[PDB]
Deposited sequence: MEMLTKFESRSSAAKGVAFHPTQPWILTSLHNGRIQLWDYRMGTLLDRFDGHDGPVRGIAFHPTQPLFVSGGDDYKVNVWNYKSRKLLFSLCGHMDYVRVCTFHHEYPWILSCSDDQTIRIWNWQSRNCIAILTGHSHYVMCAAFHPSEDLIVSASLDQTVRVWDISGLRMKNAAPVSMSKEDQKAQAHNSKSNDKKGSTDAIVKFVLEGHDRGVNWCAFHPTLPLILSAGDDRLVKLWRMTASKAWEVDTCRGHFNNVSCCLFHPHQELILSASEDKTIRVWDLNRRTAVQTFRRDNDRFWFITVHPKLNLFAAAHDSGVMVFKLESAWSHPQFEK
């Protein structure tokens, strides 16, 4: 495959990137504590947001509201209105670095996870913490809402990937359903497939593991082997049978979803990769690395 780069930013190390679902924008959250809002079709910096001290690793748009949420090493989860350009409020409660923060697609909820070993669910309408998910015995490096079920998946340096049942909170509020074992070192990332009952996880063991799950059970399907340093991030290609991973070995790797064989490796000479994301509708990906952010299309070779 080939990488068609549509936009690159040169900046302090990027930790997070978020695609706007309808506008041609990305938010970037940087090691220096700043959040950039870019138009990647025009190549223009639309806005800058100062609300954190230290790196900002969590960043996400609300799918419909004029909001985005940021999470920082200063423990704060900040909710912003990007139309009025105001910091609406800070959700305090986490006692260590925040690694991820996202909005739910239906309920007025924010999800965050932290080095303090907890996942927190907040109601951004009431500004209250409505659930604290405990059980992990080390940093929770990632957590994600399921796109169609009342489930959360989380990844921790305790070497486990947890799938939680949050049906109770939707109506005990949260109960661990699966404690997935298999990674031999800490797990840095976890992801759901947008329509298939699959889970991706990636960790310091250099492995990207593919899991499948039913309502009653789960199993490891296979492992993508090849990265030669910590894997920072992984995701499903939404519109193709492909897996993508990003690693401190300075590569983004594309893998066959059906066979978990290597399809294509992209390298950067000097930049470790910290994060990758995909647009919910378009063949559009973003990667965050030591020197900034890149937005690109993934195309078949000599297309």
{"item": "Sequence ranges without modelled C-alpha atoms (deposited numbering)", "value": "172-199, 332-337"}
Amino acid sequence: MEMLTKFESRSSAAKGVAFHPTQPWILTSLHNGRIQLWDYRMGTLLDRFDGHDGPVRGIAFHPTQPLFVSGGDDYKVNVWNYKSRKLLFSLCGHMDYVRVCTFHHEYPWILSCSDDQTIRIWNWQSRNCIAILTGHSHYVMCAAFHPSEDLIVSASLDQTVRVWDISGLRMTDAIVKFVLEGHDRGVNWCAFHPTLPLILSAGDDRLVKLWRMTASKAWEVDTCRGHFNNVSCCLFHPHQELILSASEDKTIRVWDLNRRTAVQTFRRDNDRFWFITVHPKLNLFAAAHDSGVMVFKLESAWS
From here on, numbers count along this sequence of modelled residues.
| property | result |
| --- | --- |
| Which of 185-193 and 89-97 has higher mean CA B factor, as the PDB entry lists it | 89-97 |
| Segment of higher mean CA temperature factor, 257-265 or 27-35 | 257-265 |
| Residue, from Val179, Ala144, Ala174, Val77, that the PDB entry assigns the highest Cα B-factor | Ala174 |
| Residue, from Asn230, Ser84, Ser201, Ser112, that the PDB entry assigns the highest Cα B-factor | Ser84 |
| Chain-wide C-alpha B factor ranking for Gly226, given as lowest, middle or highest third | middle |
| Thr44, C-alpha B-factor rank within chain (lowest, middle or highest third) | middle |
| Modelled-residue ranking by C-alpha temperature factor, third containing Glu248 | lowest |
| Where the record places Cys129 (Cα B-factor, split into thirds across the chain) | highest |
| B-factor third for the C-alpha atom of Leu282 within its chain | highest |
